[PDB]
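Okay, so here's the structure we're looking at.
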Amino acid sequence: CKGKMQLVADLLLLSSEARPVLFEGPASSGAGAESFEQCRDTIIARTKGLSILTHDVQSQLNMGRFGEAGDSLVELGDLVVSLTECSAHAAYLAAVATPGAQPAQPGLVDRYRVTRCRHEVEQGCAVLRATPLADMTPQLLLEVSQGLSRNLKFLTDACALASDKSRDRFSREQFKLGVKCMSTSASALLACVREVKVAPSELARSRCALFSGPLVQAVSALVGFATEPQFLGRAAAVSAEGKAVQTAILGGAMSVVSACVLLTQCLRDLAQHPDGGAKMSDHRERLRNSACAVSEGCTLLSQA
Amino acid sequence: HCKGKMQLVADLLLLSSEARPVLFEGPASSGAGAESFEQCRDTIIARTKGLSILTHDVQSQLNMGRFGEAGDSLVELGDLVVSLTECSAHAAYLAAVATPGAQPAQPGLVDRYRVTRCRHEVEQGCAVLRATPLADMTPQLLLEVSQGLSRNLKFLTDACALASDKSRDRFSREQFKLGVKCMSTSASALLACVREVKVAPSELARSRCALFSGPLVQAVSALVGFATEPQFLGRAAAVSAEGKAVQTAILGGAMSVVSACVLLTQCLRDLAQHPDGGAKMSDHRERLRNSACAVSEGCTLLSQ
C-alpha cells in the first residue's frame, strides 16, 4: 500500500517532466484566450497552492500517512502542470507584447495538446498491456477506459475543427477518414475492456492487448497527418528583447519544475526505509528549492 | 530491365508457392469448398499437364532470351502450382476421411488457411507500399496493390460477417462486427492516401501512405487473431493410422512437386545474370526432371 506511493512519485514525475516540451523551442500561445495579467495571477495562485501542497505532502509522509501523501503528490503534479502551461503562455504573451512582434499563427490543430493525447492513449494501452489479470480490477479498467474516452473526445473535436479549417479536398476528407478509423478502433478495444471486466480471463486480457495496436496506430497516423508541415502554421516573429523576456520566464518555470522533480524523487527516496531515513535533509532541501524556484518565477513575471 | 522484371516474379512466385505449404504441415482438414475426390484428382491431372507445358514454355522462353514471356509463364506456373497444392491437400483430406473409422473435421467460424493467406497478403501489400521509392510508385503498381488489398479485405469482411452470424456468443458476435468496421475504415483511410500519391506524387504523400499502413495491418491482425481463438477453431478430422498414412503419401507427393518447382524457380533465377556465359544450364534442366518425377509421385499416391 506504500507501493501505491512509489507509483505516484513516478507517473507524476513523468507527467511533469513531459510538460517541458513547452520550455524548449519557439514561441507560441500555450493556451486558449487569456491575457498576461490574469495568467500571472493564475501562476501566483499555483505557487500558493504549491507551498501548501509541499508542506502537506511533507508532513503527511513524516506522519506515515502514505495514502494521503500520494493524492497530495497527484495534486502537486497537476498543479505544476498547470503552472508550466500558464508560464509558457505568459512567456508568449510577454514576447509578442514587445514592439516589433508579429503574433503566432495557429495550425489546424494544437500540436502540444494532440501530442499529449497521443502520449496518454499510448500510456493507457500500455497500462492495459502490462497489468496482470487479478490486478485488472473493475475500477482500473474503468479509469483506463475513461482516460481513453477523454483523449479520443479531444482528438475527435480537434480533427473536426481541422477538417473544417482545411481548404484542400484530400486533407478535408483524410481528417474524417482518420477520425472514423480512430473511433472504430476505440470501440473495438473498449468492448474488450468491458469483457475482461465482466468476464476476466487470460484470453480476454490478451485480447485487450490484441486490440490495442489498431487504436495506437490509428491515433498515431491521425496525429502524424495532422502535424504535417503545411498544417503547422507559424511561430511568432519577435525581436531579441521578446525572446529574452520569454527565456527568463521559461527559465523560472523550469526552475520550479526541476525543483519539484527533485522533491518527488526525494519523496520516493524515503519510501523504502522511512523509520531509518538516513536521508532526512535531502527531503527538506527541496521545499527550499521549490520555494526559491517559485521566487525566481515570480521575479521574472513582475519585471518583464 | 526486362530480365530485371524477372527477378521479381521468380521470387514472389517462390514465396507465393512456398507459403501455400501451410496445407502440407499439420492435421487433416478440408482444404476446399464442396468437391469430391475423383473430380479433385482430375483437376490435379489437368494441373500437372499444364505444369509440363509451362515448364517447357518458361524453359525455352528463357533460353531464347524472351524474358517478358518467361515472367508471365512463371506467374501462371505459380498460380497453377498453388491450385495443385490446394487440390492435393483437399484430396488428402477426402482420402483420409474415406477411411473406415474416420470422423470428419468440423469447421471453425472462419477458414483458417484463407484468412491466414489474406493477412499475409495485406501485410505484403502494405510492405510494398512502404518499401517502394517514389516514381517507382507507378500508376499501375498502386492500382495493383489497391485491388489486391481490396480483394483480401472483401474476403475478410465476408468471412467475418459469416463468423458473426455463426457465433453463439454475444460478445464474439459483436466483436466480429466491430473488428470489421475497424478494418474497413482503416482500409478506406489508406486507399485515399494511395489515390493521392497516385494523382499528386511526392515524398510527403508516400510517407503518408506508409503512415496510414499501420492501422490496417493492426486491424487485420487483430481481427484475424481474434477469429482464430482456440474456441472458434472447430476440430480437425479424427482418423486411424492408415488414413493418416494415406494423407501423408499425397501430401508428400504434392510437396515433392512444390519443392521441385521452387528449385526450378531458383534455377531460372540463377541464369538471369550471365546467360551468355552460364555453365549451369544443367541445374536448370534438372528441375524439369525433378518436377516431372514429382508429378509422377503425386499421381502415383493418388491412385490408391
Side-chain angles (χ1 to χ4, degrees), chain A residues 118 121-122 125 159 168-232, chain B residues 119 122-123 126 160 169-233:
Chain A
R118 178 173 49 65
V121 167
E122 286 186 307
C125 294
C159 289
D168 185 29
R169 194 179 74 259
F170 172 71
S171 299
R172 178 175 290 259
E173 265 284 324
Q174 199 58 26
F175 279 116
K176 291 161 173 218
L177 298 175
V179 165
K180 288 177 180 190
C181 175
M182 178 171 67
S183 60
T184 55
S185 290
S187 307
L189 177 58
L190 290 181
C192 300
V193 179
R194 283 189 304 259
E195 181 71 353
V196 77
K197 167 170 95 147
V198 179
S201 65
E202 297 284 61
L203 188 62
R205 175 170 169 285
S206 46
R207 196 185 295 127
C208 284
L210 195 62
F211 281 87
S212 286
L215 177 53
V216 168
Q217 278 304 294
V219 168
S220 165
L222 182 61
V223 166
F225 175 80
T227 56
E228 274 180 357
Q230 73 281 1
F231 297 145
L232 292 181
Chain B
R119 177 173 48 65
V122 167
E123 286 187 48
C126 294
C160 289
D169 185 29
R170 202 221 81 260
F171 173 72
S172 299
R173 178 175 289 258
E174 280 296 318
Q175 199 58 26
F176 279 116
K177 291 161 173 218
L178 298 175
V180 165
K181 290 175 182 304
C182 175
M183 179 172 67
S184 60
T185 55
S186 290
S188 307
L190 178 58
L191 290 181
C193 299
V194 179
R195 281 186 250 103
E196 182 71 353
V197 76
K198 165 164 92 67
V199 179
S202 65
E203 297 283 61
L204 187 62
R206 175 171 169 286
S207 46
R208 196 186 295 127
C209 284
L211 196 63
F212 280 86
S213 286
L216 177 53
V217 165
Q218 278 304 292
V220 169
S221 165
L223 183 62
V224 166
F226 175 81
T228 56
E229 274 180 357
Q231 73 281 1
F232 297 144
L233 292 182

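Proteins come first, then strands; the chains are lettered A, B, ... in the order of their sequence lines, and each starts at number 1.
We find the OG-NZ distance between A/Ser185 and B/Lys181 to be 13.0 Å, quoted to the nearest 0.5 Å. Rounding to the nearest 0.5 Å places CD of A/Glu173 at 9.0 Å from CZ of B/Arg195.
When heavy atoms are compared at a cutoff of 4.5 Å, A/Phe225 approaches chain B by way of both its backbone and its side chain. When heavy atoms are compared at a cutoff of 4.5 Å, A/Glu228 approaches chain B solely by way of its side chain, counted from C-beta outward.
Taking all atoms of both residues into account, the shortest heavy-atom contact from B/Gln175 to A/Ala191 is OE1-CB, 3.3 Å. B/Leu211 approaches A/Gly224 most closely through the heavy-atom pair CD2-C, 3.8 Å.
Comparing A/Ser220, A/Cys192, A/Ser206 by how many heavy-atom pairs each has under 4.5 Å with chain B, the most go to A/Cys192.
Remark: of the listed residues B/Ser188, B/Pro215, B/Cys182, B/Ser184, B/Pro215 is the sole one forming a side chain to side chain contact (heavy atoms under 4.5 Å, CB included) with A/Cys181.
At a threshold of 4.5 Å between non-hydrogen side-chain atoms, the residues B/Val217 and A/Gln217 do not count as touching.
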